[PDB]
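Scroll down for the structure; my scribbles are underneath it.
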Amino acid sequence: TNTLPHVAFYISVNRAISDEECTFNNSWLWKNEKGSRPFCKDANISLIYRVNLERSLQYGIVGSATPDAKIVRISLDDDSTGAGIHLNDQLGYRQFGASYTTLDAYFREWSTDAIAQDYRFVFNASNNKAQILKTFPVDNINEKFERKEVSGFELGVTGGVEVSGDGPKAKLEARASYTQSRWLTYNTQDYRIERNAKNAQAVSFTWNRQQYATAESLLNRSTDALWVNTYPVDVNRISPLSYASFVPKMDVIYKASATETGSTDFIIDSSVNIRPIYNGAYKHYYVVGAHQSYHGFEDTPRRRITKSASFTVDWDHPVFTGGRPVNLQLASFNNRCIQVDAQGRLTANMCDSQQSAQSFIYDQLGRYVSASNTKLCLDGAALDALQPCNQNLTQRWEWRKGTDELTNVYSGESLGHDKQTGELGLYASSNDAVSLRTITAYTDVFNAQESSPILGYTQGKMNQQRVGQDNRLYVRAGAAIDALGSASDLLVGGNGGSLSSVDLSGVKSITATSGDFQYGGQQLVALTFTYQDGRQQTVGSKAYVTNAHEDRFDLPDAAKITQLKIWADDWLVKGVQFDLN
Amino acid sequence: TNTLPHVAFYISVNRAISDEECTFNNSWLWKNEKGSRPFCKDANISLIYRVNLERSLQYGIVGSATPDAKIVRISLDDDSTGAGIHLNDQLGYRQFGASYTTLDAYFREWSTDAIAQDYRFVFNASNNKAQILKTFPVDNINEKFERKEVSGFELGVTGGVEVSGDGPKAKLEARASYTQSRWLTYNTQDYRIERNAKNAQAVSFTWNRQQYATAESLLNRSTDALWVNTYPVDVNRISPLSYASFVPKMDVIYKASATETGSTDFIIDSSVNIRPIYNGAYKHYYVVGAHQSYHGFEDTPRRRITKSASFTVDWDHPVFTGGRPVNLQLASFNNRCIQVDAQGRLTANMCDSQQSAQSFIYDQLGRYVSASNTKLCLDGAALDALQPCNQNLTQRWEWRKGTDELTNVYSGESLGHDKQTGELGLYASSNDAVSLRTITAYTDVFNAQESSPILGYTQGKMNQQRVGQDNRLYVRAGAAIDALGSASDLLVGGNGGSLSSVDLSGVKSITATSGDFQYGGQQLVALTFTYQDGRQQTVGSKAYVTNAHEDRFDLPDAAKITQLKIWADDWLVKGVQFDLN
Amino acid sequence: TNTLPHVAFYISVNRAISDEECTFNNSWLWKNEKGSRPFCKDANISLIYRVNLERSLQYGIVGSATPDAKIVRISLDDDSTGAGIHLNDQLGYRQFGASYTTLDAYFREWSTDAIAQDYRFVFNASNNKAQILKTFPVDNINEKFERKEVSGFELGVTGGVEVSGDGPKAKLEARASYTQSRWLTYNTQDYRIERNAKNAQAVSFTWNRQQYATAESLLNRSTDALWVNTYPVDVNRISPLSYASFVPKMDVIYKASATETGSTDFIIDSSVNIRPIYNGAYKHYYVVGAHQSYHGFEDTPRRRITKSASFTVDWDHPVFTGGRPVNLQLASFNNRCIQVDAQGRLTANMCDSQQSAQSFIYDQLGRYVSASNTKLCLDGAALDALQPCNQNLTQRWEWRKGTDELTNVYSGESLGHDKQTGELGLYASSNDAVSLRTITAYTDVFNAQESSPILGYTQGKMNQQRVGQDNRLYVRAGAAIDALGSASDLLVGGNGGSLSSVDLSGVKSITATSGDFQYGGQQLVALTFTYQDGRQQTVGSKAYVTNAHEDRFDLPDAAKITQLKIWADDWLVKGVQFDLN
């Protein structure tokens, strides 16, 4: 309670990966002939980010070497990571041959169970109120190299003596060599952490395969006699980090200005790039003889499975004052505290320790500054409302040691309240209608509001709309969701759908279906609303999509949907987020 | 007593391994001809895990950078590991030859005493109330590699002079070489710790052989003349870590939400993968000559012996308040404390320092919050029962310095109790019927309930059932245990056997028999109940099972079995835990 | 006096090794022809273990992250090791030749003074009340390896010009090489520390030769012309660690449950595996020429000399309360303290600061808890005996600041005692018969009882028996000791002896003789009792044993033998320990 306060919370990022999603052709050489299979067993993403919100300084601290700012920290580190990312328990392979006859072409293929070509994590601020301040790792590696430069020479002589029937021979010989080599030594990793600094609002970290990144590099045989039929891949070079378990560690820190206002959304795209491995053998025919040579095919298919989450930051949140607020409780009542409305008017309400509107920062001057609006202070000149903060002595308060009386610095009079109405005033002493007893305690204004699931994909331009007075969601749906909006003229997305309307009041849960759209790309194809009464309602179709995923959102008891966040291009909607309260 | 409280206990995991369990064919080449033996002497598993339960914060702490959460820690570390895992004191071998005559085939074999192909530890949460937060090791190794790239050239000249009878000769010669090599350097271990992140509830660590993982790799001879008969294995490459002693170290940490409720089971599967080693020699016949070449057989048999344990966490347990509770003792009596029932009604009972229902957390406001139910507080407005916690001044209490009187912040009156009934009230002063003397002390609500043994295996789905006051265990059983349950109509498991029934009153011991089932796989096959009266009773058959193991549960004097946990698939029962709770 | 208490003592392990014990054949090739000698000078074992006993927590500490447990620590470390193990001051050799004529066989041999093939330390709990919690070293080394993979090529051309009488010649030549190598790098030690985790009660550490473990590996010559006669061993590879001085360092830590009771014995077997070294030369005869080739013989004899010690832990010992006890001294008397008997009855005895029965732990409640029996407390409701501990206010005491008066929390009255009888009571004030003066001081209940020596060998199953009312040791002896016991029907051991009986009262010393039994294995062959009066008595024979050792036990003045510890198989006794008081 003397230290800097934080808002702190975890964001669980869980995403099971379907067998379909994990499925590819058994063959590259003979794509269509040899069929297909799942290339991973029970692939899954389970991460836990930790978020911190704080001011860069404690309230009222002056002349620090640390610039005043609003800070947002997102991290996976030693203290919190989650289970990790999994594709397989072990790696197997299947073999295939050409159905036809072969003189000089590819004749065998091995497709190996899939591994992660990369794991990737993308961080995005929704607007420019926030900029990236620093990250960990801080940057890409500036690699060091070791060069060797060698050179030398050799001088030799050889004396010879041959004796034979033909006669005696004798040789004296002399040599001189000059040698010169160049060495270069350097390091690589299984996975290299590649940082991408797109701009002030966006950065991404990709753990990308480096050593052994290609199918080619997994080969431990180059050539063979054609009677040889065996797996030419050293599966040992494929590390458990590539399929069994991967855990990222990174820190991203955004900053907003000391006076920033409004809100920003922060979006985290966690993903694995699933990559099956294809190698082939090639029958060589040259007249004299024939052999078999092994190869890796690199331009084979890959699939990126992504799970996204987002959280919202209100730059006006009490935590960004860097102060630790308290309340002022009118103690003639069992349960009444000073509370301030939007215009600053003061009333006496039942105390609620999480109500920012009952919270004040007691600053170095002895002012009681509203934690919800730091422009306003308790001013004894005018106790009907908070007044703009200034140097008025009437805005400064001191507690009478050993009592419950709060005195005003200017007049020395005490803060009193009406025993029945709780109306505030300054008094020299108590009387039958007024109590001088004020009680104060620290309040818990730092609790974090939970975040709605993103349903679908965070692709395309993102839009945001307040939910209308009529309390309805507007929809153009057909084979997929064409567009959404808060009113019929404010539709974000495409044009193609039949226009519909869904009632947002009484929704107990929403279930989105999305995936690879038959007609093109990745889209949000269906929403299903379930109400408190039990009735359901659906828009769009579950039938024009493969690699489908289902996102479910169970609304907390009696919460109302108030904001829409919609990801869409010009044709179709790609995802949506229904914000509460 | 100013610090965060923990629940802390050890879980002993002991499992003797039978000679049968340790037994394999003396030969791979000639499986059936050459017989079989135990491949290890007195193999055993003896580990000791340490468990900690705690809240992430202390009670009532606000604005910490640490997210509020419920924490479960499981570890084997520097401070506690247990004896370890043992297979043998030393490694020997036996030799075998083909009984038939041999021109071109395998003719000799050496089977070497078994080693641990891997040691493995699996952690599972029974439901999704808990997720993995972090582990140690945190992940698989992202291996670094050192590449060297070298290239050079050599320039040479040689001057020659030969003199012979035939005549004088002379040579001037010139050379030019160009060389180029590539180096790759990297590390391996005897055992590599492989992490498997199955999903948010499950993770596993496997110490897996890496260098020298194959029978092939143990070979220190490649070829020989056929008159050579000797062990082609360098037994030195087999480390004591592979048979004599192995001790894992790892940490697994689960988290539940700050408001999570109910219970979760945590299941730990410790295991060693016993692997005998087979190598063979091959007589080669080519017309010109003949030699012997050595080989390793890798697809030979292995057997995994497993010992499981589990513990239960009630998320409602006082430890997860992060508070240190005290009691309120009505001091006119020698031994009477305020106690709260399930509805919050207050009575005066004999003090029990381990009774959560007599424990309160005295918080920063001066409220006495029930440690068993933190939604309720001592409220002077209504001292017949605890009231929902709020900001009432009547819920705040201050001790009168240097006395035993507890005062109520609102009225200033003192907490008094009736000298005969212990009924609570607020009083300005004592009188002949009411005492104002209240005493308080910290209480020990952090003791850990001990956990029932898993009898059998923890495969399949796990069901939970209470045992009625009829204390009867219902049982369908054939050649194995088909199903179990606390009622005839509530059996869990398959449909197979003859219905039966067991008295659970006065059981001194329960002795499970499990193993490799004759009809197939691994199953629980028998249960022997032994009563204090001396009698025995059995269900299932000890006669349809190979590789048998007996799990024994010795019960406290006059304990009552209160719950059953049953692991079983659709066909049979795999295991059962008898909670004495 | 605010910290955790320990019991702490050293255990001296000294064992002189006899010339006989150190003696082997001068030759392996010609065992019987060439005689025998001592292969070490003044070999000796002198170690000092340090033992610590403690609770894992201090008394009454609650909610620690450390599990409550009883701890036993055995260690040889930086702070205590003893002199060490010694076999020789330097290493010499003797040479030997075949007495016969030799064309193609071994003809020379060198036997080198002996070295320690290994040093070994075995720790054993006598029962399962104690389990191994952790050790140092914690485990066997998981060795790291460095692999290099290299490959390259060379391209060359050579221009030639020869001029001779015969004519001018000229050559243009072209080359292409391809190279490929594999490197493996790793570490070894002179001695490797090999850990053997037999089970939860037993672990052992063996310092085992690794590099240079074989006679073969000591050879610095492979072949020679037969005129060469010299030592083919590089004696430099044999380290002083192998004969001159060896000092082990290890830590073994056992744990028992927080409520464990009774006793456990801890047995430490320190040993050196004495190994003479034999190498031989082999005359080779092939028609054309002849040479000499050198060899190491590995299956030569070794002898393990062992010295065992044991100590006993009573889990009921005050140290395991984790508290620091004090006494309550009735101060009207010059020397009288409250003392408690087995049933809890209180009497007033002459104070003895080492008497656990006069010791109390003054706990956080203000209870005086008996240190000898923590179930009982001083209770003012009934001062004739300690009462079962509970929350009674009458079990809580507070000292009146600045006086010698102890008051009872419940009534406020003071603890008084009768000036003549020391009978306790509660009083409002003193009077002519009762004193209120009580004095208290910390007591020394942590002294360690010394341990009796082990006679013979700690081999076979260990048995324990209370000595009978008749006070006699029963014996079946013949060529060796066949069996021992506390009564004629309670004989532990074999059958073969003539049954005898020895009086155990008035024994001043016992002298065991043991060694390599002529008929088989290692046995206890003779016991000799010497009495206070001077008379002697013997059982068994000193005449059927070689490599005999004599263990002597001089009993402290007027101590009575009360327990027997007997190591024996089914045939014969291997060792015995006579426990005192």
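A note on labels: chains of the structure tokens are A, B, ... as shown, every chain counts residues from 1, and ligands are counted from 1 in their shown order.
The residue set within 8 Å of residue 77 in chain C, counting only C-alpha atoms and dropping same-chain residues fewer than 3 places from it, reads residues 80, 81, 248, 249, 250 and 251 of chain C.
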Report as a tab-separated table the residues of chain C within 8 Å of chain B, each with its shortest atom pair and distance in Å (one decimal), using only C-alpha atoms, ordered by chain and increasing residue number.
residue	atom	partner	partner_atom	distance
C:62	CA	B:444	CA	6.2
C:63	CA	B:5	CA	4.6
C:64	CA	B:6	CA	5.6
C:65	CA	B:6	CA	5.2
C:66	CA	B:8	CA	6.1
C:67	CA	B:8	CA	4.8
C:68	CA	B:9	CA	7.3
C:131	CA	B:82	CA	7.3
C:132	CA	B:83	CA	5.2
C:133	CA	B:82	CA	4.4
C:134	CA	B:80	CA	5.4
C:138	CA	B:247	CA	7.4
C:139	CA	B:247	CA	6.0
C:140	CA	B:241	CA	5.2
C:141	CA	B:241	CA	6.9
C:142	CA	B:190	CA	5.6
C:143	CA	B:190	CA	5.4
C:144	CA	B:189	CA	4.5
C:145	CA	B:188	CA	5.1
C:146	CA	B:187	CA	4.6
C:147	CA	B:186	CA	5.5
C:148	CA	B:185	CA	4.4
C:149	CA	B:184	CA	5.0
C:150	CA	B:183	CA	4.6
C:151	CA	B:181	CA	5.4
C:152	CA	B:181	CA	3.7
C:153	CA	B:180	CA	5.6
C:154	CA	B:179	CA	4.5
C:155	CA	B:178	CA	5.2
C:156	CA	B:177	CA	4.3
C:157	CA	B:176	CA	5.7
C:158	CA	B:175	CA	4.5
C:159	CA	B:174	CA	5.1
C:160	CA	B:173	CA	4.5
C:161	CA	B:172	CA	5.7
C:162	CA	B:171	CA	4.5
C:163	CA	B:170	CA	5.6
C:164	CA	B:169	CA	4.5
C:165	CA	B:167	CA	6.3
C:194	CA	B:240	CA	6.3
C:195	CA	B:245	CA	5.7
C:196	CA	B:244	CA	4.8
C:197	CA	B:245	CA	4.9
C:198	CA	B:86	CA	6.2
C:199	CA	B:46	CA	6.0
C:200	CA	B:83	CA	5.2
C:201	CA	B:83	CA	7.6
C:202	CA	B:83	CA	7.5
C:203	CA	B:83	CA	6.8
C:365	CA	B:441	CA	7.3
C:390	CA	B:352	CA	7.8
C:391	CA	B:351	CA	6.1
C:392	CA	B:335	CA	4.9
C:393	CA	B:334	CA	5.2
C:394	CA	B:334	CA	6.6
C:410	CA	B:334	CA	6.7
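Residues in contact with range 486-495 of chain B at up to 8 Å, not including ones fewer than 6 positions away on its chain and judged by only C-alpha atoms, are residues 463, 465, 466, 467, 468, 471, 472, 473, 474, 475, 476, 564, 566, 568, 569, 570, 571, 572 and 573 of chain B.
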Selection to disk with C-alpha atoms, as a short mmCIF file (atom, residue, chain, number, x, y, z; two decimals), in the first residue's frame:
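Once written, out_23.cif looks like this:
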data_model
loop_
_atom_site.label_atom_id
_atom_site.label_comp_id
_atom_site.auth_asym_id
_atom_site.auth_seq_id
_atom_site.Cartn_x
_atom_site.Cartn_y
_atom_site.Cartn_z
CA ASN B 463 -15.85 -42.00 -12.06
CA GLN B 465 -19.25 -42.14 -6.19
CA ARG B 466 -20.22 -41.76 -2.58
CA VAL B 467 -20.74 -44.78 -0.35
CA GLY B 468 -24.07 -44.96 1.46
CA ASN B 471 -21.50 -49.53 3.31
CA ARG B 472 -21.73 -51.97 0.46
CA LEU B 473 -19.58 -52.30 -2.66
CA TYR B 474 -21.45 -53.78 -5.61
CA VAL B 475 -19.49 -55.85 -8.09
CA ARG B 476 -19.85 -57.55 -11.47
CA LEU B 564 -14.99 -44.65 -4.55
CA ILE B 566 -13.24 -45.99 -10.43
CA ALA B 568 -12.70 -48.13 -16.29
CA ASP B 569 -13.33 -48.28 -20.04
CA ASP B 570 -16.51 -49.62 -21.64
CA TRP B 571 -15.54 -53.29 -21.25
CA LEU B 572 -13.67 -53.57 -17.88
CA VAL B 573 -12.39 -51.88 -14.72
#
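Note that CA of residue 19 in chain B and CA of residue 40 in chain B are 7.3 Å apart.
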Do a neighbour search on range 114-125 of chain C at 8 Å with only C-alpha atoms, toss out local chain neighbours closer than 3 positions, and write the hits as a ChimeraX atom specification.
-> /C:39-40,87,91,128,130-131,191,201-209,213,242-243,252,264-277
